[PDB]
Amino acid sequence: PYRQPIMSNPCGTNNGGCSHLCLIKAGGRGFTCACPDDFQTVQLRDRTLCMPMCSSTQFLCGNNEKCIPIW
Amino acid sequence: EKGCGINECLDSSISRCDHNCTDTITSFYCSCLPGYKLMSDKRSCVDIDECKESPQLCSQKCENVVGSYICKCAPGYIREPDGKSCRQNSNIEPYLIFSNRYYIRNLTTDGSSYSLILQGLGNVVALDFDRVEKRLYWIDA
Amino acid sequence: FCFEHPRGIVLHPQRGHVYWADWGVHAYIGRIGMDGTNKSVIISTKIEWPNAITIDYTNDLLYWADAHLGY
Ligand SMILES: *[C@@H]1O[C@H](CO)[C@@H](O[C@@H]2O[C@H](CO)[C@@H](O[C@@H]3O[C@H](CO[C@H]4O[C@H](CO)[C@@H](O)[C@H](O)[C@@H]4O)[C@@H](O)[C@H](O[C@H]4O[C@H](CO)[C@@H](O)[C@H](O)[C@@H]4O)[C@@H]3O)[C@H](O)[C@H]2NC(C)=O)[C@H](O)[C@H]1NC(C)=O
Ligand SMILES: *[C@@H]1O[C@H](CO)[C@@H](O[C@@H]2O[C@H](CO)[C@@H](O[C@@H]3O[C@H](CO)[C@@H](O)[C@H](O)[C@@H]3O)[C@H](O)[C@H]2NC(C)=O)[C@H](O)[C@H]1NC(C)=O
Ligand SMILES: *[C@@H]1O[C@H](CO)[C@@H](O[C@@H]2O[C@H](CO)[C@@H](O[C@@H]3O[C@H](CO)[C@@H](O)[C@H](O)[C@@H]3O)[C@H](O)[C@H]2NC(C)=O)[C@H](O)[C@H]1NC(C)=O
Ligand SMILES: [Ca+2]
Ligand SMILES: [Ca+2]
Ligand SMILES: [Ca+2]
């Protein structure tokens, strides 16, 4: 356990309010919301919109949680 | 031939040997105390940042002082009476986990024990662990 | 210095950086933020085959091994 030292989670108990991904900012202090591969980051005034953007050979899941190949 | 030489530091601040001085038959040479180095001007001394200039002095962490240095230990470790060697304080003993192509193996730090964590894999080329969930991850290439 | 043969990775979540190595023709040890910002080159000289990389966390030193130069 010494080789993974204890630290506070910036995205603590709320996913940092991010829709999909909360990533630690460079320098460790902050956090940045991000979107998966086949999503478009339509950044709004006070939130990041992860708008789905998947090819005609892909299928979009019901909750827009991900999109998978059509086969 | 200086007629014949004598110490040139004796006169007040001639050559401005910052720390200490010594002479010879036809010249002087200043010197600096341990923990101080002379810079290019050959007259003045500066502090050594032993925590950057010589990291190996302290086993675990270093704090620079003007002159000497002090070694300290990260939380969870205690410094043994030698003044420099930190020792892990947890009563959990570390063991190595490494991959052969077909196997993830368990090996003690001193090499005393050696056992299989898992077998029959394709080609495990990388692994990592998570202490929060006590879970192990690997890439089967 | 470009991704040609990535190998070896270590996180440093205290300062939010990811260090990785590449043993391509122009071998290097890179650094990036955990959220994909602040790309930089940490080591680029006297390095041919950096297969191995880690951070000690207690002293905050980066360590690596070169397979060719054998150090
Ligand atoms: C190998 O080691 C692993 C890791 O230590 C063990 O996994 C843990 O097992 C314990 C049970 O012994 C789990 O404890 C239980 O956690 C529940 C909450 O977390 C779980 O459920 C949420 C649901 O969203 C998941 O997100 C999460 O990942 C967990 O799966 C509690 O609700 C449980 O409480 C119930 O039982 C306790 C007593 O045990 C009562 O006091 C409560 O009233 C209640 O009835 C329970 O505490 C623990 O969560 C597991 N860890 C993980 C990461 O899942 C394996 O069990 C172990 N395997 C063996 C065979 O040794
Ligand atoms: C983002 O990446 C850059 C580039 O790698 C980082 O910049 C570097 O930061 C270190 C630490 O501050 C600098 O070292 C220090 O430099 C000063 C002189 O400027 C010196 O007095 C100190 O003793 C120390 O050596 C380093 O020079 C600097 N490099 C550059 C080109 O700016 C930066 O820290 C990163 N920021 C984050 C938050 O990720
Ligand atoms: C090189 O030159 C330096 C600079 O003078 C010398 O440092 C001085 O050394 C003397 C003798 O050890 C120190 O004197 C002692 O001071 C204490 C008080 O701290 C006193 O109680 C003792 O009775 C004694 O007088 C002096 O403090 C020290 N100067 C400083 C500022 O550190 C050094 O000794 C010289 N080295 C050589 C090998 O020539
Ligand atoms: Ca010092
Ligand atoms: Ca090369
Ligand atoms: Ca070799």
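As shown above, the structure is provided for reference.
Residues numbered from 1 in each chain as written, not as in the entry; some residues may be left out. Chains lettered and ligands numbered in written order. Part of a larger assembly, values for the part shown. Heavy atoms only, no water.

Chemist: Please clarify how the interface of chain A and chain C should be interpreted in this entry.
Modeler: Size of an interface: often given as the accessible area lost when the parts come together. On the side of chain C, 13 residues touch chain A, which itself brings eleven residues to the contact. Of the roughly 920 Å² buried where chain A meets chain C, counting both sides, 59% is carbon and sulfur surface. Sorting the residues of chain A by area buried against chain C places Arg3(A), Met7(A) and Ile24(A) first, and these three jointly supply 51% of that buried surface. Where chain A touches chain C, the interface holds zero salt bridges. There are six residue pairs in polar contact connecting chain A and chain C. A class-by-class count of the residues in the side of chain A that touches chain C yields five nonpolar, three polar and three charged. (Contact = heavy atoms within 4.5 Å. Buried area = accessible area lost by both parts, 1.4 Å probe. Salt bridge = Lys/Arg side-chain N within 4 Å of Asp/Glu carboxyl O. Polar contact = N/O pair within 3.5 Å; in protein donor to acceptor, adjacent residues only side chain to side chain. Nonpolar A, V, L, I, M, F, W, Y, C, P; charged D, E, K, R; others polar.)

Chemist: What exactly am I supposed to notice about the coordination of the calcium ion (ligand 6) here?
Modeler: Between any two of four tetrahedral donors, the ideal angle at the metal is 109.5 degrees; between two of six octahedral donors, it is 90 or 180 degrees. Residue and element names in this part refer to chain C. The coordination sphere of the calcium ion (ligand 6), as far as protein atoms go, consists of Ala 67 (O) and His 68 (O), spread over 2.8 to 2.9 Å. Relative accessible area serves as the criterion here: at 43%, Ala 67 is assigned to the partly exposed category. Judged by its relative accessible area of 49%, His 68 is partly exposed. (Donors = N, O, S within 2.8 Å, 3.2 Å for Na, K, Ca; no water. Buried < 20%, exposed > 50% of the residue type's maximum accessible area, 1.4 Å probe, protein only.)

Chemist: Honestly, the nonpolar core in this entry has me stumped. Any pointers?
Modeler: Generally speaking, a soluble globular protein has its nonpolar side chains buried in company with each other. Residues and elements named next belong to chain C. The biggest cluster of nonpolar side chains holds ten residues, and these are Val 10, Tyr 19, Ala 21, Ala 27, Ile 29, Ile 43, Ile 47, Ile 53, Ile 55 and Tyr 57. Of all the elements in the fold, those that place two or more residues in this core are β2 (17-22) and β5 (50-55). Those residues in contact with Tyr 19 that sit more than four places away from it in its chain are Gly 8, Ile 9, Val 10, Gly 30, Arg 31, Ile 42, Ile 53, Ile 55 and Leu 62. (Core = buried A, V, L, I, M, F, W, Y, C linked by side-chain atoms within 4.5 Å. Helix = DSSP H or I, 4+ residues; strand = E, 2+ residues; numbered from the N terminus.)

Chemist: Hey, could you run me through the layout of surface pockets in this one?
Modeler: Which parts of space are left empty comes out when a probe the size of a water molecule is rolled across the atoms. When its volume is computed, the second largest pocket comes out at roughly 290 Å³. If you trace the second largest pocket, you find 13 residues lining it, with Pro5(A), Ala74(B), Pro75(B), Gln14(C) and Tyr57(C) closest to the centre. Taken together, the residues of the lining of the second largest pocket break down into eight nonpolar, three polar and two charged. (1 Å grid on protein atoms, 1.4 Å probe; cavity = no way out; pocket = protein on both sides within 12 Å on 5 of 7 lines; lining within 4 Å. Points joined across faces, edges and corners; volume = space filled by probe spheres on them.)

Chemist: In this structure, what is going on with the site of ligand 2? I would like to understand it.
Modeler: Lining the immediate surroundings of ligand 2 are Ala26(A), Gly27(A), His17(C), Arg31(C), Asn38(C) and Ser40(C). Near ligand 2, residues from chains A and C are present, making the site a shared one. Here an oxygen atom of ligand 2 sits 2.3 Å away from a polar atom, N or O, in the side chain of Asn38(C). The fraction of the free accessible surface of ligand 2 (760 Å²) that becomes covered by protein chains is 22%. Classifying every residue of the shell around ligand 2 gives one nonpolar, four polar and one charged. (Near = heavy atom within 4 Å. Areas by Shrake-Rupley, 256 points an atom, 1.4 Å probe, with all protein chains shown as cover.)

Chemist: Looking at this structure, how should I read the state of the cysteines?
Modeler: Disulfide: a covalent bond connecting the sulfur atoms of a pair of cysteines. Residues and elements named next belong to chain A. Inspection of every chain in the model, using the stated rule, returns ten disulfides over all chains. Two residues share a disulfide in this structure: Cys 11 and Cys 22, whose sulfurs sit 2.0 Å from each other. Residues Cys 11 and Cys 22 are joined through a disulfide that is left-handed, its torsion about the S-S bond being -85°. Here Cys 22 lies in strand β1 (residues 21-24) and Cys 11 lies in the segment before β1, a separation of eleven residues in the sequence. In this pair, the class of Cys 11 matches that of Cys 22, namely buried. (Disulfide = S-S within 2.5 Å.)

Chemist: How do you make sense of the pairing of strand β4 (residues 40-43) of chain C when you look at a structure like this?
Modeler: When a strand is regular, its side chains alternate between the sheet's two faces. All names here are of chain C. Relative to β4, strand β3 (residues 28-33) is paired through three bridges, and the arrangement is antiparallel. Following the sheet pairing, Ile 29 is matched in β4 by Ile 43. From the end of β3 to the start of β4, which pair antiparallel, there are six residues, and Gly 36 there has a positive phi angle of about 90°. (Pairing = 2+ DSSP bridges.)

Chemist: Any chance you could explain the environment of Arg131(B) here in plain terms?
Modeler: Looking at the secondary structure, you find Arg131(B) in the loop between β12 (124-130) and β13 (135-140). Considered as a pair, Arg131(B) and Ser15(B) are 116 residues apart in the sequence and their alpha carbons are 61 Å apart. If sequence neighbours within four positions are ignored, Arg131(B) has contacts with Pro1(A), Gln4(A), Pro5(A) and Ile6(A). For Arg131(B), the side chain forms a polar contact with the main-chain oxygen of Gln4(A), separated by 2.7 Å.

Chemist: Looking at this model, I keep getting lost on the sheet that holds strand β1 (residues 6-12) of chain C. Mind explaining?
Modeler: In a beta sheet, neighbouring strands pair by backbone hydrogen bonds and run either parallel or antiparallel. Residues and elements named next belong to chain C. Ordered in space as β1-β2-β3-β4, the four strands form an open sheet in which the pairing is antiparallel. Sheet topology places β1 and β4 at the edges, where each strand pairs with a single neighbour. With strand direction ignored, the average angle separating the axes of adjacent strands in the sheet is 30°. Note that β1 and β2 share six bridges and pair antiparallel. Residue pairing for β2: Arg 7 is matched across the bridge by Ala 21. (Axes fitted to C-alpha atoms, helices over the stretch in contact; angles between N-to-C directions.)

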